[PDB]
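Have a look at coords-v4.cif; it's mmCIF, C-alpha atoms and all ligand atoms:
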```cif
data_my_file
#
loop_
_atom_site.group_PDB
_atom_site.id
_atom_site.type_symbol
_atom_site.label_atom_id
_atom_site.label_comp_id
_atom_site.auth_asym_id
_atom_site.auth_seq_id
_atom_site.Cartn_x
_atom_site.Cartn_y
_atom_site.Cartn_z
ATOM 1 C CA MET G 1 0.000 0.000 0.000
ATOM 2 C CA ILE G 2 0.942 3.608 -0.719
ATOM 3 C CA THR G 3 -0.348 6.712 1.127
ATOM 4 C CA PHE G 4 -0.249 10.173 -0.483
ATOM 5 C CA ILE G 5 -0.292 13.130 1.936
ATOM 6 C CA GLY G 6 -1.285 16.491 0.580
ATOM 7 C CA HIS G 7 -3.884 19.135 -0.001
ATOM 8 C CA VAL G 8 -6.618 18.777 -2.592
ATOM 9 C CA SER G 9 -7.254 21.972 -4.477
ATOM 10 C CA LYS G 10 -9.956 23.956 -6.175
ATOM 11 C CA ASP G 11 -7.906 24.956 -9.236
ATOM 12 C CA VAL G 12 -8.900 28.191 -10.958
ATOM 13 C CA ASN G 13 -7.459 27.765 -14.403
ATOM 14 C CA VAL G 14 -7.390 30.985 -16.390
ATOM 15 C CA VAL G 15 -6.986 30.386 -20.176
ATOM 16 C CA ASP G 16 -6.813 33.576 -22.293
ATOM 17 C CA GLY G 17 -8.679 35.403 -19.535
ATOM 18 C CA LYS G 18 -11.324 32.631 -19.144
ATOM 19 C CA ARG G 19 -11.812 31.056 -15.704
ATOM 20 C CA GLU G 20 -12.368 27.283 -15.615
ATOM 21 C CA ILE G 21 -12.576 25.345 -12.300
ATOM 22 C CA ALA G 22 -10.990 21.946 -11.780
ATOM 23 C CA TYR G 23 -10.933 19.833 -8.617
ATOM 24 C CA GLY G 24 -7.486 18.472 -8.351
ATOM 25 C CA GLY G 25 -4.192 18.653 -6.565
ATOM 26 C CA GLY G 26 -1.064 16.503 -6.587
ATOM 27 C CA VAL G 27 -2.580 13.822 -4.362
ATOM 28 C CA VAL G 28 -5.482 13.410 -6.777
ATOM 29 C CA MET G 29 -3.286 12.840 -9.785
ATOM 30 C CA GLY G 30 -0.855 10.520 -8.009
ATOM 31 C CA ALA G 31 -3.337 8.499 -5.993
ATOM 32 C CA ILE G 32 -5.550 7.709 -8.966
ATOM 33 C CA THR G 33 -2.467 6.481 -10.880
ATOM 34 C CA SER G 34 -1.322 4.105 -8.179
ATOM 35 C CA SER G 35 -4.842 2.802 -7.591
ATOM 36 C CA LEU G 36 -5.526 2.156 -11.285
ATOM 37 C CA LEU G 37 -2.109 0.460 -11.521
ATOM 38 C CA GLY G 38 -3.354 -2.002 -8.863
ATOM 39 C CA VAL G 39 -1.639 -0.886 -5.648
ATOM 40 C CA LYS G 40 -3.884 -0.285 -2.626
ATOM 41 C CA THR G 41 -3.890 3.497 -2.222
ATOM 42 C CA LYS G 42 -4.755 5.953 0.541
ATOM 43 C CA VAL G 43 -4.927 9.738 0.587
ATOM 44 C CA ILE G 44 -4.681 11.883 3.715
ATOM 45 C CA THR G 45 -5.935 15.371 2.907
ATOM 46 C CA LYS G 46 -7.713 18.441 4.265
ATOM 47 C CA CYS G 47 -10.537 20.602 2.995
ATOM 48 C CA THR G 48 -13.886 21.988 4.189
ATOM 49 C CA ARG G 49 -16.735 19.638 4.797
ATOM 50 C CA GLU G 50 -18.674 21.455 2.127
ATOM 51 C CA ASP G 51 -16.044 20.631 -0.498
ATOM 52 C CA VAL G 52 -15.715 16.926 0.224
ATOM 53 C CA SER G 53 -18.226 16.017 -2.525
ATOM 54 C CA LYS G 54 -16.030 17.686 -5.125
ATOM 55 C CA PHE G 55 -13.388 15.055 -4.419
ATOM 56 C CA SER G 56 -15.778 12.020 -4.027
ATOM 57 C CA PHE G 57 -14.420 10.704 -7.329
ATOM 58 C CA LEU G 58 -11.230 9.530 -5.576
ATOM 59 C CA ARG G 59 -13.244 6.711 -3.998
ATOM 60 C CA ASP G 60 -14.841 5.866 -7.457
ATOM 61 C CA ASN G 61 -11.205 5.295 -8.631
ATOM 62 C CA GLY G 62 -10.528 2.933 -5.711
ATOM 63 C CA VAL G 63 -8.694 5.402 -3.420
ATOM 64 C CA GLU G 64 -9.282 5.367 0.357
ATOM 65 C CA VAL G 65 -9.500 8.954 1.561
ATOM 66 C CA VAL G 66 -9.199 10.572 4.987
ATOM 67 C CA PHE G 67 -10.763 14.038 4.717
ATOM 68 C CA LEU G 68 -9.385 15.891 7.726
ATOM 69 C CA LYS G 69 -10.896 19.121 9.136
ATOM 70 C CA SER G 70 -10.074 22.420 7.794
ATOM 71 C CA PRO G 71 -11.930 25.729 7.791
ATOM 72 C CA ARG G 72 -10.667 26.454 4.291
ATOM 73 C CA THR G 73 -9.952 24.400 1.115
ATOM 74 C CA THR G 74 -6.750 25.081 -0.792
ATOM 75 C CA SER G 75 -7.372 26.941 -3.990
ATOM 76 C CA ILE G 76 -4.699 27.806 -6.541
ATOM 77 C CA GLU G 77 -5.146 30.065 -9.579
ATOM 78 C CA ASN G 78 -3.059 28.975 -12.596
ATOM 79 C CA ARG G 79 -2.594 31.599 -15.333
ATOM 80 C CA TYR G 80 -1.402 30.598 -18.813
ATOM 81 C CA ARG G 81 3.098 28.959 -15.842
ATOM 82 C CA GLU G 82 2.207 31.473 -13.003
ATOM 83 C CA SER G 83 0.284 30.282 -9.950
ATOM 84 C CA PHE G 84 -1.254 31.990 -6.923
ATOM 85 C CA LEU G 85 -2.354 30.585 -3.577
ATOM 86 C CA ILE G 86 -5.797 32.112 -3.149
ATOM 87 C CA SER G 87 -6.798 30.104 -0.069
ATOM 88 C CA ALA G 88 -4.964 27.595 2.064
ATOM 89 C CA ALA G 89 -6.317 24.642 4.046
ATOM 90 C CA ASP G 90 -4.668 24.079 7.375
ATOM 91 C CA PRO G 91 -1.174 22.571 7.295
ATOM 92 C CA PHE G 92 -0.513 18.999 8.269
ATOM 93 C CA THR G 93 0.561 18.401 11.870
ATOM 94 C CA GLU G 94 2.288 15.498 13.561
ATOM 95 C CA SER G 95 -0.916 13.886 14.838
ATOM 96 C CA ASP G 96 -2.235 13.672 11.248
ATOM 97 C CA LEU G 97 0.430 10.973 10.751
ATOM 98 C CA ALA G 98 -0.816 8.750 13.624
ATOM 99 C CA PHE G 99 -2.457 6.040 11.527
ATOM 100 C CA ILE G 100 0.285 5.722 8.857
ATOM 101 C CA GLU G 101 0.523 2.142 7.537
ATOM 102 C CA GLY G 102 1.781 0.458 4.381
ATOM 103 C CA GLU G 103 5.145 0.308 2.715
ATOM 104 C CA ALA G 104 5.267 3.671 1.046
ATOM 105 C CA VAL G 105 4.307 7.301 1.741
ATOM 106 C CA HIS G 106 4.635 10.204 -0.716
ATOM 107 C CA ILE G 107 4.725 13.746 0.723
ATOM 108 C CA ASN G 108 2.836 15.620 -2.004
ATOM 109 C CA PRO G 109 2.338 19.309 -1.080
ATOM 110 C CA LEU G 110 1.225 22.245 -3.181
ATOM 111 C CA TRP G 111 2.927 25.124 -1.272
ATOM 112 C CA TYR G 112 5.828 25.528 1.203
ATOM 113 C CA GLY G 113 4.278 25.400 4.656
ATOM 114 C CA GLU G 114 1.598 22.849 3.806
ATOM 115 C CA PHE G 115 3.833 20.043 5.162
ATOM 116 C CA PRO G 116 6.127 21.453 7.816
ATOM 117 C CA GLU G 117 9.658 20.107 7.615
ATOM 118 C CA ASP G 118 9.469 18.891 11.242
ATOM 119 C CA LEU G 119 7.062 16.211 10.087
ATOM 120 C CA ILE G 120 9.710 14.597 7.879
ATOM 121 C CA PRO G 121 11.693 12.783 10.621
ATOM 122 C CA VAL G 122 8.456 11.884 12.387
ATOM 123 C CA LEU G 123 7.098 10.228 9.273
ATOM 124 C CA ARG G 124 10.392 8.547 8.467
ATOM 125 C CA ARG G 125 10.069 6.341 11.553
ATOM 126 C CA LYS G 126 6.707 5.022 10.342
ATOM 127 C CA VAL G 127 7.440 4.008 6.750
ATOM 128 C CA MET G 128 9.725 1.739 4.754
ATOM 129 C CA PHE G 129 9.814 3.896 1.647
ATOM 130 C CA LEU G 130 9.441 7.689 1.964
ATOM 131 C CA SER G 131 9.314 10.094 -0.950
ATOM 132 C CA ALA G 132 8.581 13.801 -1.418
ATOM 133 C CA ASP G 133 7.861 16.330 -4.097
ATOM 134 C CA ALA G 134 10.079 19.427 -4.254
ATOM 135 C CA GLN G 135 7.075 21.567 -5.141
ATOM 136 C CA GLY G 136 6.138 21.466 -1.458
ATOM 137 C CA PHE G 137 9.467 22.955 -0.390
ATOM 138 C CA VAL G 138 10.339 25.473 -3.161
ATOM 139 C CA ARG G 139 7.017 26.906 -4.158
ATOM 140 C CA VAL G 140 6.484 29.754 -1.634
ATOM 141 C CA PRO G 141 3.498 32.090 -1.371
ATOM 142 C CA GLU G 142 4.518 35.752 -1.501
ATOM 143 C CA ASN G 143 1.425 38.032 -1.527
ATOM 144 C CA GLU G 144 -0.198 34.950 -2.961
ATOM 145 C CA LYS G 145 2.074 34.553 -5.969
ATOM 146 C CA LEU G 146 3.760 31.148 -5.702
ATOM 147 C CA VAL G 147 7.393 32.047 -6.208
ATOM 148 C CA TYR G 148 10.295 29.623 -6.557
ATOM 149 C CA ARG G 149 12.797 29.770 -3.678
ATOM 150 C CA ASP G 150 15.651 27.564 -2.666
ATOM 151 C CA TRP G 151 14.856 25.074 0.060
ATOM 152 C CA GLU G 152 17.132 26.326 2.806
ATOM 153 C CA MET G 153 17.108 23.135 4.871
ATOM 154 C CA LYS G 154 17.404 20.764 1.907
ATOM 155 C CA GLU G 155 20.685 19.299 3.159
ATOM 156 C CA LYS G 156 19.133 18.403 6.514
ATOM 157 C CA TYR G 157 16.032 16.755 5.137
ATOM 158 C CA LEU G 158 16.980 15.102 1.802
ATOM 159 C CA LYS G 159 18.790 12.281 3.691
ATOM 160 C CA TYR G 160 15.454 11.169 5.082
ATOM 161 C CA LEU G 161 13.989 10.501 1.566
ATOM 162 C CA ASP G 162 14.253 7.287 -0.449
ATOM 163 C CA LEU G 163 13.099 9.293 -3.482
ATOM 164 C CA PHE G 164 12.908 12.963 -4.281
ATOM 165 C CA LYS G 165 10.839 14.372 -7.138
ATOM 166 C CA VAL G 166 11.654 17.555 -9.070
ATOM 167 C CA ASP G 167 10.748 19.184 -12.316
ATOM 168 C CA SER G 168 12.926 21.549 -14.392
ATOM 169 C CA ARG G 169 12.017 24.732 -12.590
ATOM 170 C CA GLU G 170 12.363 23.130 -9.131
ATOM 171 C CA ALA G 171 15.701 21.568 -9.920
ATOM 172 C CA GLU G 172 17.106 24.884 -11.204
ATOM 173 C CA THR G 173 15.833 26.641 -8.067
ATOM 174 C CA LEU G 174 17.667 24.113 -5.865
ATOM 175 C CA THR G 175 20.971 24.160 -7.773
ATOM 176 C CA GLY G 176 21.391 27.370 -9.837
ATOM 177 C CA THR G 177 21.771 25.355 -13.038
ATOM 178 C CA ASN G 178 19.315 24.634 -15.821
ATOM 179 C CA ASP G 179 21.264 21.505 -16.805
ATOM 180 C CA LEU G 180 18.884 18.850 -15.508
ATOM 181 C CA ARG G 181 21.440 16.059 -15.282
ATOM 182 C CA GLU G 182 23.892 18.209 -13.502
ATOM 183 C CA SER G 183 21.168 19.355 -11.087
ATOM 184 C CA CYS G 184 20.495 15.654 -10.349
ATOM 185 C CA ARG G 185 24.212 15.205 -9.530
ATOM 186 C CA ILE G 186 24.056 18.275 -7.232
ATOM 187 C CA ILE G 187 20.839 17.230 -5.515
ATOM 188 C CA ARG G 188 22.324 13.709 -4.939
ATOM 189 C CA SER G 189 25.282 15.425 -3.268
ATOM 190 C CA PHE G 190 22.814 17.139 -0.872
ATOM 191 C CA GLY G 191 21.661 13.684 0.374
ATOM 192 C CA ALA G 192 19.093 12.513 -2.126
ATOM 193 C CA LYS G 193 19.342 8.768 -2.667
ATOM 194 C CA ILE G 194 17.167 8.611 -5.820
ATOM 195 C CA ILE G 195 16.028 11.624 -7.836
ATOM 196 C CA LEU G 196 13.110 11.517 -10.274
ATOM 197 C CA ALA G 197 13.187 14.568 -12.576
ATOM 198 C CA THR G 198 10.488 15.425 -15.093
ATOM 199 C CA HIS G 199 10.947 17.833 -17.955
ATOM 200 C CA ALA G 200 9.142 18.690 -21.201
ATOM 201 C CA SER G 201 10.430 15.712 -23.165
ATOM 202 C CA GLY G 202 10.587 13.005 -20.485
ATOM 203 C CA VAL G 203 11.827 11.681 -17.200
ATOM 204 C CA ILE G 204 15.268 11.256 -15.779
ATOM 205 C CA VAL G 205 15.971 9.004 -12.790
ATOM 206 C CA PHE G 206 19.309 9.306 -11.013
ATOM 207 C CA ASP G 207 20.672 7.021 -8.273
ATOM 208 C CA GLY G 208 24.378 7.529 -9.077
ATOM 209 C CA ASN G 209 23.590 6.258 -12.595
ATOM 210 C CA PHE G 210 21.173 7.913 -15.076
ATOM 211 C CA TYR G 211 18.107 6.275 -16.586
ATOM 212 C CA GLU G 212 15.994 8.203 -19.075
ATOM 213 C CA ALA G 213 12.715 7.713 -20.844
ATOM 214 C CA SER G 214 10.912 10.040 -23.185
ATOM 215 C CA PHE G 215 7.219 10.901 -23.296
ATOM 216 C CA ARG G 216 5.496 9.718 -26.409
ATOM 217 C CA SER G 217 2.271 11.729 -26.353
ATOM 218 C CA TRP G 218 1.125 15.034 -24.951
ATOM 219 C CA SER G 219 -1.556 17.693 -24.971
ATOM 220 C CA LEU G 220 -1.715 21.216 -23.653
ATOM 221 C CA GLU G 221 -4.664 20.538 -21.364
ATOM 222 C CA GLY G 222 -3.239 17.189 -20.341
ATOM 223 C CA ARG G 223 0.086 18.481 -19.031
ATOM 224 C CA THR G 224 -1.089 19.396 -15.476
ATOM 225 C CA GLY G 225 -0.457 16.430 -13.209
ATOM 226 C CA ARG G 226 2.404 15.089 -15.380
ATOM 227 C CA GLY G 227 4.837 14.884 -12.541
ATOM 228 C CA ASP G 228 2.459 13.479 -9.944
ATOM 229 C CA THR G 229 1.328 10.775 -12.420
ATOM 230 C CA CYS G 230 4.915 9.959 -13.268
ATOM 231 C CA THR G 231 5.987 9.777 -9.621
ATOM 232 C CA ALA G 232 3.139 7.447 -8.702
ATOM 233 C CA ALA G 233 3.842 5.188 -11.685
ATOM 234 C CA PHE G 234 7.508 5.001 -10.807
ATOM 235 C CA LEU G 235 6.698 4.122 -7.188
ATOM 236 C CA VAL G 236 4.333 1.429 -8.314
ATOM 237 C CA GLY G 237 6.842 -0.072 -10.768
ATOM 238 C CA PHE G 238 9.887 0.102 -8.550
ATOM 239 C CA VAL G 239 8.607 -0.304 -5.009
ATOM 240 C CA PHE G 240 5.653 -2.659 -5.548
ATOM 241 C CA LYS G 241 6.087 -4.459 -8.892
ATOM 242 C CA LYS G 242 9.864 -5.011 -8.350
ATOM 243 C CA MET G 243 10.805 -3.714 -11.777
ATOM 244 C CA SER G 244 14.425 -2.750 -12.225
ATOM 245 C CA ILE G 245 15.107 0.966 -11.950
ATOM 246 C CA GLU G 246 15.634 1.148 -15.752
ATOM 247 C CA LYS G 247 12.320 -0.634 -16.428
ATOM 248 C CA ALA G 248 10.389 1.420 -13.804
ATOM 249 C CA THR G 249 11.682 4.623 -15.493
ATOM 250 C CA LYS G 250 10.368 3.504 -18.898
ATOM 251 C CA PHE G 251 7.102 2.434 -17.252
ATOM 252 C CA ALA G 252 6.653 5.785 -15.499
ATOM 253 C CA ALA G 253 7.180 7.593 -18.819
ATOM 254 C CA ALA G 254 4.707 5.290 -20.576
ATOM 255 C CA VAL G 255 1.944 5.873 -17.991
ATOM 256 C CA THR G 256 2.543 9.620 -17.954
ATOM 257 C CA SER G 257 2.382 9.758 -21.745
ATOM 258 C CA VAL G 258 -1.049 8.160 -21.951
ATOM 259 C CA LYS G 259 -2.409 10.352 -19.091
ATOM 260 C CA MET G 260 -1.171 13.519 -20.870
ATOM 261 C CA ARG G 261 -3.504 12.894 -23.823
ATOM 262 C CA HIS G 262 -6.425 14.395 -21.895
ATOM 263 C CA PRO G 263 -7.339 16.633 -18.965
ATOM 264 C CA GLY G 264 -7.609 15.267 -15.439
ATOM 265 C CA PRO G 265 -6.217 12.068 -13.886
ATOM 266 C CA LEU G 266 -5.233 8.804 -15.536
ATOM 267 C CA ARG G 267 -8.172 6.760 -16.902
ATOM 268 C CA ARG G 268 -8.241 2.957 -17.086
ATOM 269 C CA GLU G 269 -8.441 2.986 -20.872
ATOM 270 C CA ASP G 270 -5.195 4.913 -20.980
ATOM 271 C CA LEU G 271 -3.291 1.798 -19.960
ATOM 272 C CA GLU G 272 -4.376 -0.012 -23.161
ATOM 273 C CA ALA G 273 -2.421 2.472 -25.241
ATOM 274 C CA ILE G 274 0.881 1.389 -23.686
ATOM 275 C CA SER G 275 2.905 -1.343 -25.375
ATOM 276 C CA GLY G 276 4.891 -3.794 -23.219
ATOM 277 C CA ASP G 277 7.552 -3.417 -25.985
ATOM 278 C CA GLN G 278 8.164 0.087 -24.477
ATOM 279 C CA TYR G 279 9.515 -0.891 -21.044
HETATM 280 O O1 LIG F 301 0.795 20.178 -10.256
HETATM 281 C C1 LIG F 301 -0.270 21.143 -10.315
HETATM 282 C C2 LIG F 301 0.267 22.484 -9.820
HETATM 283 O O2 LIG F 301 0.714 22.416 -8.484
HETATM 284 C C3 LIG F 301 -0.865 23.508 -9.889
HETATM 285 O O3 LIG F 301 -0.379 24.792 -9.593
HETATM 286 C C4 LIG F 301 -2.044 23.090 -8.980
HETATM 287 O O4 LIG F 301 -3.076 24.071 -9.106
HETATM 288 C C5 LIG F 301 -2.566 21.728 -9.390
HETATM 289 O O5 LIG F 301 -3.562 21.282 -8.428
HETATM 290 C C6 LIG F 301 -1.412 20.696 -9.425
HETATM 291 O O6 LIG F 301 -2.027 19.435 -9.839
#
```
Before we go any further, please render this structure as structure tokens.
Amino acid sequence: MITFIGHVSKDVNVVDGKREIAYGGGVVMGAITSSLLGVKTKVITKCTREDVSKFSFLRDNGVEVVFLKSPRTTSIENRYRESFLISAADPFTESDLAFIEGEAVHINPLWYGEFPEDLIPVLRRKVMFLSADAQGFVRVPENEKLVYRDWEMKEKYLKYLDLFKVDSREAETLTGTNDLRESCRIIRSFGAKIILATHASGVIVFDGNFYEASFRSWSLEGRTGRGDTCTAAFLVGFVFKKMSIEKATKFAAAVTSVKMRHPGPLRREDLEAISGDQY
């Protein structure tokens, strides 16, 4: 089993000045992927009681969800890649981790402060395989605008993580370099045992050696949730299906590719468009 911990979000997507609402967040995209890939999946999240029915579809995709109490629901405005934290559910606290079970937990936050760094060592004691998304540690609200800032305590906390996920913009923020491979080498030197890096054309996994796989389909409206889908697929392949790291990398790319053909989370039919020849 895998547990995803993170805020759900009312996304306000603004396309050429047109507002369109989507009910998402990183945990939605990742949890649906792992569940549809056949791994028992749990989500620990927060939102208002009134908004719980917006996220009921997690359960229809096989995901067990703990909807913890919050007086607000996270809402992020995305302008088209500029995002703003309009409203914020309450952060996670230590006691929210009390029931943690299963082999794997992915720390999947939308904004720095959602998942206080103090929770990292606490959670480490409870789980065999612990991963986190850099978005939760570098994307910082500043008069709402989510700005990219270096994660000051990265060298303290990266040693706690079996896997660390970044995308291009995160990796550059952490390292000063837009060379993605080199940033992987730098982030490894900070304590990261395995780094999963997504970028426009594909995914790079680095554990001392590089493994790469390219995406083979895409759409503009399907690109949101790329990285969360890819992370969840990699965790499924590597942690639960016992694929080699090279094979899990190709698998993660393959699953992400088919999800990117449409808006919203992975769909079961997407999996039929993968060939086993790929990975
Ligand atoms: O990865 C994206 C990104 O964090 C967006 O800014 C957020 O609004 C979406 O919920 C998330 O899925």
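Candidate residues G:202, G:71, G:25, G:263 were compared for distance to residue 228 in chain G, and the nearest is G:25, using only C-alpha atoms.
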Quiz item: Within 10 Å of residue 207 in chain G, counting only C-alpha atoms, which residues qualify if same-chain residues fewer than 4 places away don't, as a PyMOL selection string?
Solution: chain G and resi 163+184-185+188+192-196+211+245
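Counting all atoms listed in the file, the residue from G:237, G:26, G:113, G:102 that sits nearest to residue 279 in chain G is G:237.
Among the candidate residues G:3, G:95, G:35, G:87, the one lying nearest to residue 127 in chain G is G:3, with distances computed using only C-alpha atoms.
Restricting the calculation to only C-alpha atoms, the smallest distance between residue 212 in chain G and any of G:249, G:227, G:269, G:179 is found for G:249.
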Quiz item: So which residues touch residue 106 in chain G within 6 Å, counting all atoms listed in the file, skipping near sequence neighbours fewer than 4 positions away, as a PyMOL selection string?
Solution: chain G and resi 4+131-132
Quiz prompt | Residue nearest residue 47 in chain G - candidates G:258, G:274, G:252, G:65, atoms counted: all atoms listed in the file | solution = G:65
Practice problem: List the neighbours of residue 21 in chain G out to 8 Å using all atoms listed in the file; skip same-chain residues closer than 4 positions along the sequence, and give me the result as a PyMOL selection string. | Solution: chain G and resi 10-13
Practice problem: Name the residues that the PyMOL selection byres (((chain G and resi 32) around 8) and not hetatm) pulls out of this structure, and write them as JSON, numbers by chain. | Solution: {"G": [28, 29, 30, 31, 33, 34, 35, 36, 58, 61, 62, 63, 265, 266]}
